[PDB]
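Working notes for the structure below.
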Amino acid sequence: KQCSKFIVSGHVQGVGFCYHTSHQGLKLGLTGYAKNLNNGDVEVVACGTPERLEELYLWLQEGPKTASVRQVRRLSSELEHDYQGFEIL
Amino acid sequence: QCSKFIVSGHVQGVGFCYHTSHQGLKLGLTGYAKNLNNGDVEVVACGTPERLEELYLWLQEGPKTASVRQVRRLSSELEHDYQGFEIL
Amino acid sequence: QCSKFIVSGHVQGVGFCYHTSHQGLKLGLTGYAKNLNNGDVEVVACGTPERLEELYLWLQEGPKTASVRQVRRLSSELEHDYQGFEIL
Amino acid sequence: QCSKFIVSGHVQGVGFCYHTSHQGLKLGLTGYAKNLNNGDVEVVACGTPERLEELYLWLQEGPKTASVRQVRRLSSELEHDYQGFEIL
Amino acid sequence: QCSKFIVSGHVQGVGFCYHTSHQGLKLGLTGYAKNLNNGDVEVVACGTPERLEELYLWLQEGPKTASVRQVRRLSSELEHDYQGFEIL
Amino acid sequence: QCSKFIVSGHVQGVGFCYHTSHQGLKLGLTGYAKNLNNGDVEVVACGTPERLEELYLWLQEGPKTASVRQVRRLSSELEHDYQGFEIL
Amino acid sequence: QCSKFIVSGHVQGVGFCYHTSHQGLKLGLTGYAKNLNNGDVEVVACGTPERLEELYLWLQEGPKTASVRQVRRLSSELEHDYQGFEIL
Amino acid sequence: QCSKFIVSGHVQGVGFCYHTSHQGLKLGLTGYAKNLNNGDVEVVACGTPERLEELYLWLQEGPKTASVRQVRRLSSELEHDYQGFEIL
Amino acid sequence: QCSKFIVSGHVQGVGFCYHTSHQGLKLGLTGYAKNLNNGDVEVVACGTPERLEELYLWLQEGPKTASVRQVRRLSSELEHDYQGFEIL
Amino acid sequence: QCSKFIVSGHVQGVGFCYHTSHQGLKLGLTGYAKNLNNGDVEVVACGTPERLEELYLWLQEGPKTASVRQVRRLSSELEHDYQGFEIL
Amino acid sequence: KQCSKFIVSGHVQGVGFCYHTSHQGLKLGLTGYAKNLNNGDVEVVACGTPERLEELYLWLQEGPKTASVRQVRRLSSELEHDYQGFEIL
Amino acid sequence: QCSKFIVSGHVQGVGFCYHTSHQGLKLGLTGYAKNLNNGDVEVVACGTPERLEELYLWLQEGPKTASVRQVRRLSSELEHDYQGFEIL
């Protein structure tokens, strides 16, 4: 059990993205949230096992989705909180 | 803008609504999928046009459990802001 | 004690429904304000005929963001208790 | 296995929708009873046709507060799980 | 209009509140049924007076679990829309 | 005090659970009606023992839509404060 | 810093409770407006005493639908953080 | 059985109601801790008596944030089932 | 028309219950996927036999996070209207 | 399209957030007003740029309880659909 | 991270126990449920680190609580489901 | 009278947030304890200076599951009303 943070940028809000991401997590058994940042980015935080975070990291990059994902930056995270489901904002 | 879709076929009771709304929330669309009495499903959807085109094309060709016979996009001029994508 | 109102004009997405629902909750009225596919807003409101007149007036010339062109009062024989003043 | 009904007379604000849902839910049915502008009540039940018959009969002869002049069955090709027995 | 009722006897925790709220919703009434620290139940119900008479009768001789001993109709000049028929 | 009731017959799908939970709430009881896999309906109900005989009897001969074939009184040593009368 | 007010006149079912709570929340205040049997409205606010004076005045002179005969400040010794500005 | 407790002191705004209901729920009690206008807190509690004693004892002596001055128990009777232990 | 399925393997905490729920919802079904002590999921779906077949297939073969070992079909008699598609 | 506003002054606790969300929902906007640790209130508002200039105006000159010193317009590049006009 | 199950028996329902337990668990960072069984017992399932499951196990035993706890029997559990908070029933 | 508090150590996933929120509710306070990315909890509480003091104390020396290292007091100018005691 471990949580990662990711900062996705590009055409990423308003294009079903925080939903798809949410949904895609829950499907991988993850918990977290996708939050809409003011710059235009989406900050996604998920927690599960590391290979389930890889799969999401992989989805976040190349996955089939409406959004035009220009970059995903993984960030180190020390939060070990039990998030409920996978929430938007 | 908002578009309206009459779907006719074997559309009620086959997860059609759930699926349609799933598909829409994934495109960034807002609207509803209402069960009509005749047997059709009405689908109202708002987003950017190219997105509603996507949705329209799914309603027609998209892989689903339902047996879609026709997809008529009716015109009309609603400019309300819908909540999510609900099933009425 | 309910009346039906068919507000036409630039009335969707321009706070008209939140605003109307508020203005009628202040008159002690109940009912709804539902958005219609042609671009109109169907406002149904229940109360004493006098508060109805205040509200009919308010729909026309009151201050509001919306550009209201025409308000057509319609008859209604409707005796159900509406809880609050919902949107749609 | 979903029927439409139009009930007419003195039938709104007289508990009718509510009692109707209650009678339906006892029969094991799901659907709604909606208040219509003209005064009439659109009740849509769903279940086994005998139960749907049972509700037709209650809609006609059943001890109730409302004064029911006419109950007209209409046809429905609604093929949909309705949650409870809503009032609308 | 609204009336207030002060039901006394073995009338608490014996279904009486649920029952009255049910029975009142079937007459198309609104209001409440509140448990009082002396053991009585306060029933406020709002409707047409004839329905209120029906309910007033119901409280007395109606079939119901509770052993009612006395019902003292009070004045009440309250004109507030009560949503449904609550408990407490 | 609480009791356990295993009812069998034509009891699922036929509004039995709601109707039971209704009768319960009318006699002042608290409990649940759980739909079992075998096709039986497990009813747990709590209150004064006399009221539990009324329910145990209504479970047998009480007018209802379900076709009750057998009612099985099981020994329960539970003492939990149950919410309303939930359908499970 | 919580006052109690008893407002009297034609004040119930005339949007007064609702307009009051709105005016309150605009002012920064928390409390309720409760409908009383005799007819009067029990408004209880909580804030800084200026905002409390502002509301006093609004209750008296404020443009509103109701006809306010009397407003009697009535002194409270209560601290409890009321969450919103409820209607009761 | 239910009991009533008027607690006077520095009891409002000091977690007294929260803490009281926390303590009750831990003893298996149901009821409510209502802030009164004078400044006291009413506490209605139901359970086995030996539990109401415990609460009464905690109410008086129990470690808390509030500054209790007098703990009067009043007339028991009142035989309702309260949902949880609430705060109002 | 309600089939029960005991799914086994690495099937808890892997999104399977969510996922299974989304698939049954996509096929027009209602039911639940509950997590069992042994490590297993019991999924209970109710729809048409063919829709129940698509699902039994998916549980087996469908793309999913989990590592299914074995899906057994157990027999059921439950004829109850499950709400949506929950997770327990 | 969206915009960002940092309002500073005597703006917290004086009903500013509410009143802002009210003007907001009146102009048809969506967004939020978030109370900041520094003492300023961050308002985000989404809609037609003319309605934004209306809100931006009202944030300065608008009749309100708050004592507004300065209103800073920031770059918001946002695009997210916001629900109501929430208070954070 | 893991789950255990405990069957606590004695005078255990109607005496604030399922509330206290839920509460005690939540304070230990655990999630699970306290379920009222028909026999008179209380089934408690809780999830977290094993030293946090000890603390609850130890609580359940000697901890000060209204109930009259006669026996606590720990049972083996293979469930690894994310439970939301700590629920009663 | 709204203090902010950055707590650190092994303080996430250890029931701290729940527990802090319960201590603060016991002290008659409102506010939140939110989990931060670095590992830290930021607890924001609002009440009377001394109540904010017992909390500051408890945060440090109070019995709790967590391993607190350092508690810093910070800021603040929040003059906002916070609901209950949340977790973020």
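So that you can tell them apart, the chains are marked A, B, C, D, E, F, G, H, I, J, K and L in the order they are listed, and the count of residues begins at 1 in each.
Keep this in mind: a contact is a pair of C-beta atoms (placed from the backbone, for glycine too) under 8 Å apart; a residue touches a chain by one contact, two chains touch by 3 or more.
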Note: of the two pairs C-J and G-L, more contacts are counted for C-J
Between C-J, G-L or E-G, which shows the same interface as B-C, counting it as a repeat when over half of the contact pairs match?
E-G
Counting in whole Å, what is the centre-to-centre distance of chain F and chain G, each centre being its mean C-alpha position?
47
From the C-alpha centre of chain K to that of chain L, how far is it in Å?
27
Separation of mean Cα positions, chain F and chain B [Å, integer]:
43
Mind pulling the residue numbers of chain D that touch at least two other chains?
13-14, 81
Contacting residues of chain H [partner chain L, same complex]:
13-16, 18-19, 22, 64-66
As the complex stands, chain I meets chain F at residues 4, 44, 76-81
Sort out for me which residues of chain K touch chain A in the complex.
1, 31, 82, 84
Mind listing the chain G positions that touch chain E in their complex?
12-14, 17, 35-39
Name, in rising order, each residue of chain K that touches chain L in their complex.
26-30, 52, 55
